[PDB]
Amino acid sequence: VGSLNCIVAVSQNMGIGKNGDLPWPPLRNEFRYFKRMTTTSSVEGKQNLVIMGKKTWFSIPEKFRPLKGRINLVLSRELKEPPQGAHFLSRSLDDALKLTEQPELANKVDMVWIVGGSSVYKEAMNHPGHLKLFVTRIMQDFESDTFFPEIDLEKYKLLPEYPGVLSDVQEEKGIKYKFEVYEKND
C-alpha cells in the first residue's frame, strides 16, 4: 500500500460544511483538482482508496457516489453493511487501515485518501506516522457548522511546492483560493 493523505477545502474561519453542503458556491476547477489528486495512481494495476465517514458519504449527490475509478470505504459503527453504491465498511479508521493489509485489498490499493469528516481528519492527524495534508485555503469567511481540526505546525511542514499542485492564487465565482501541501513524519 502507498502513501496516507488527507484532502480538504477549508474557509478562513476553518469551515468545511454547513448542514452537509458546501459553505461556499461550487468551484468547478477546485473540484477538478480533488478528482485528479484522489484518482491518479502511481502504480500499475492498482487504484487509490478513499475513506470517509458516514455523513460525508451521504453528503455526496447520488450521481457522484461512489467516486469513480477509486475504491470507496465508509466508516461507521451503526451500519452493518456498506451503503448502496459503496464497496467496503469498517468500524474505525484503525480497522480500515488494517483491512488494507488483508488479501482482498493488499495488492489492489495504491494511495489512501481520507476525505472527511472532521472527526476522521482529527484521528488521522493525531496518529503517529508519515502523513500528508492537501489543504485548499478558501480565502474568505463562510458560515459553517463543521470545522477542520487544528494543524500543529510543530509537526506539519508546509512544503514549498509539490508536482501537480499550482502554487499561485486561483479565483472562481469571485472567490480567491490557493493550494497547499503539509507533511509530517513522527
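Residues carry their position along the shown sequence, with the first being 1.
A summary of the deposited B-factors shows that, of 5-13 and 164-172, the stretch with the larger mean C-alpha value is 164-172.
For the segment pair 47-55 and 122-130, the entry gives 122-130 the higher mean B-factor, averaged over Cα atoms. Highest CA B-factor among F64, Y156, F147, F34, as stated in the entry: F64.
In the PDB entry, the Cα temperature factor peaks, among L99, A86, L75, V115, at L99. Annotation for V135: C-alpha temperature factor in the lowest third relative to the rest of the modelled chain, per the entry.
In this PDB entry, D94 carries a Cα temperature factor that places it within the highest third of its chain's modelled residues.
Placement of the Cα temperature factor of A106 within the chain: highest third of the modelled residues, per the deposited record. Among all modelled residues in its chain, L27 ranks in the highest third by Cα B-factor.
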